[PDB]
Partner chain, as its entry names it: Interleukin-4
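Shown here is one chain on its own, the form deposited without the partner chain, set out as C-alpha cells.
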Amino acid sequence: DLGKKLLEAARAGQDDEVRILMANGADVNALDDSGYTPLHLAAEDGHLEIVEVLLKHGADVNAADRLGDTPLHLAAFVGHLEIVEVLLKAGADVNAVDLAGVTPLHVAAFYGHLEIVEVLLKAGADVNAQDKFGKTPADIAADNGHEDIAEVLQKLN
C-alpha cells in the first residue's frame, strides 16, 4: 500500500508526505500501471526537492518505464533544466535509449529546449545517435524548425 501512496505523493509534489512514507519503509522504486517510478513522476511534474530526496533514498536513476523512457527522458521533454542537471549529477545515463530509439538529446531537440540541449552536450550526449527512423537529434531539430538547436548541433556534424 505504501508504494502506491509514495507514487501518489511524489506525483503530487507532497514533500513532507514523501519523507514520512520513506521513513515508514515505502518502496522508493514502486511501479505504477505504466511502469513509472516515483522518480519518473517527480521529474516529469517539476518537483525538484522530491527528485533529490528520492535519489538519496536509492531511486534507480535509470529506471525505464513501459516505453523505455528514463526520468531524464521525461525531464528533457517537459523542459525542467535544474531537474535534468540533478539527474545527470546522480549518474543518469545521458544516452539512454527508449523503445523508439530516442535519447534525451533527441527529446530536447524535438521540444525545442536549447538550454537542456547544451547541458546534455556538456554531459557527453551522443549527437550521432539515430532513432528507429534513422534520425539524429540534429535531423529532429531541423525537421521541427528549431533553428537555434539545429545550429549548435551542426557544429558537431
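Positions refer to the first chain, counted from 1.
Heads up, the form solved in complex with the partner chain isn't pictured, but that's what we're talking about next.
Peer 1: Evaluate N24 for contact with the partner chain in the bound PDB entry, applying a 4.5 angstroms cut-off between non-hydrogen atoms, and reply yes or no.
Peer 2: No, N24 stays farther than 4.5 Å from the partner chain in the bound PDB entry.
Peer 1: Are any of the heavy atoms in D126 no more than 4.5 Å from a heavy atom of the partner chain in the bound PDB entry?
Peer 2: Heavy-atom contact with the partner chain at 4.5 Å: absent for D126.
Peer 1: So, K122 and the partner chain: in the bound PDB entry, are they within 4.5 Å at any heavy atom pair?
Peer 2: Result no; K122 lies far from the partner chain in the bound PDB entry.
Peer 1: Does at least one non-hydrogen atom of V78 fall within 4.5 angstroms of the partner chain in the bound PDB entry?
Peer 2: Yes, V78 is a contact residue.
Peer 1: Tell me, out of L41, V94, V117, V28, which residue has a non-hydrogen atom within 4.5 angstroms of the partner chain in the bound PDB entry.
Peer 2: It is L41.
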